[PDB]
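Okay, so here's just one chain, in structure tokens, the form deposited without this ligand.
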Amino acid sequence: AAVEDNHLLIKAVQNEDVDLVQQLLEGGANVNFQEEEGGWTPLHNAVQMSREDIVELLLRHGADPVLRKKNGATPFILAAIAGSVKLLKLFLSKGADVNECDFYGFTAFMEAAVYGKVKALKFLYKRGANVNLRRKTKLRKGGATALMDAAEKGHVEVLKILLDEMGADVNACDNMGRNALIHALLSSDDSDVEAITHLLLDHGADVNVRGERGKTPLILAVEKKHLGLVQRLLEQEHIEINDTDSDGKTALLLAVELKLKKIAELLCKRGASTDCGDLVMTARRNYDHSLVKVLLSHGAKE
């Protein structure tokens, strides 16, 4: 009955129907209603759609400015996702703390990085957001940072702003031991990965970090089948061409097994032919005789 009206209020907000929102609130609908599934409120929804006027309407009807939903997100944090500087500023005047976080450790600054909201990022920075915070949950899915988020998501401009203008530590690691370089290679679209990797390497990113399963940047690039990345990575002075993953396989072995001749040949022109195992055998069983030629030219065995 009244529970129906409360959902109508949220629906009215979602539909951006101001008159209806007013009528329902003046009707006695619970302004702080939380839908049971996600804990969302009319205010959360209003913020998500960047409707400042609807937000102010809800606030004037007594909406709790800092009421969190199930994941712990506040309207303030949602404002960062929406990329709204005005709303971010608004909730800071309402008691929000610039460094507060949802139950997964996500702060506003991180959300801005995740969603590539440049203006929100810059505003939150000047408000004294801790740029280098590592996420505190309440798994080995934590310890991440805004820089890793930007790298993973491919937001090149944000990544630069963090590295150049905001003192982001390029070599911080999450709980899994992964750094921004790893995150960029793990998920970033092939569209932005080269530029992001280039930027990180220039800023002193450690090429010899171990990710999940002992995977290194070099190995991840090989598994990406991306020749450009492998080439860029090998240009690093202190790169370990012979590092092995948990399975004890090197970048070259994987290149051969993955049937990548050009990448494998690149690795040979600098790497180690025996450290990885029976390469010629693998290349031959795959009918790649051209690769067998290269491997033998570099001292492969049988």
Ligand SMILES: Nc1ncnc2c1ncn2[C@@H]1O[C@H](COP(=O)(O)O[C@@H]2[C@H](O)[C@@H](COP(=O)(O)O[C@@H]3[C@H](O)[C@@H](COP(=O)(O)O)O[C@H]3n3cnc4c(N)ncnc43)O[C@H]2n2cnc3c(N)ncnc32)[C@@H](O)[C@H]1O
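The first residue of the shown sequence is 1; numbering continues from there.
Just so it is clear, the following notes concern the form deposited with this ligand bound, a form of the same protein that is not shown.
Engineer: Check each of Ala172, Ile81, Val131, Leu229 and return the one that places a heavy atom within 4.5 angstroms of this ligand in the bound PDB entry.
Structural biologist: Flagged contact: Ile81.
Engineer: I need to confirm a contact call. Of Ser187, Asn71, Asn99, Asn208, which residue comes within 4.5 Å of this ligand in the bound PDB entry, counting heavy atoms only?
Structural biologist: Exactly one residue meets the criterion: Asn71.
Engineer: Quick one: which of 38-46, 256-264, 242-250, 56-64 gets within 4.5 Å of this ligand in the bound PDB entry, going by heavy atoms?
Structural biologist: Of the options, only 38-46 has residues within 4.5 Å of the partner.
Engineer: My question is simply whether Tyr125 lines the interface with this ligand in the bound PDB entry - judged by any non-hydrogen atom within 4.5 Å.
Structural biologist: Close contact is absent here: in the bound PDB entry, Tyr125 is far from this ligand, nothing within 4.5 Å, heavy atoms only.
Engineer: Can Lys215 be called a contact residue for this ligand in the bound PDB entry at 4.5 Å between heavy atoms?
Structural biologist: Output for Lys215 is no: heavy atoms all beyond 4.5 Å of this ligand.
Engineer: I'd like to know whether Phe76 contacts this ligand in the bound PDB entry, with contact meaning heavy atoms within 4.5 angstroms.
Structural biologist: Contact with this ligand, no.
Engineer: Is there a non-hydrogen atom of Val114 within 4.5 angstroms of a non-hydrogen atom of this ligand in the bound PDB entry?
Structural biologist: Although this ligand is absent here, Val114 would touch it in the bound PDB entry, with heavy atoms inside 4.5 Å.
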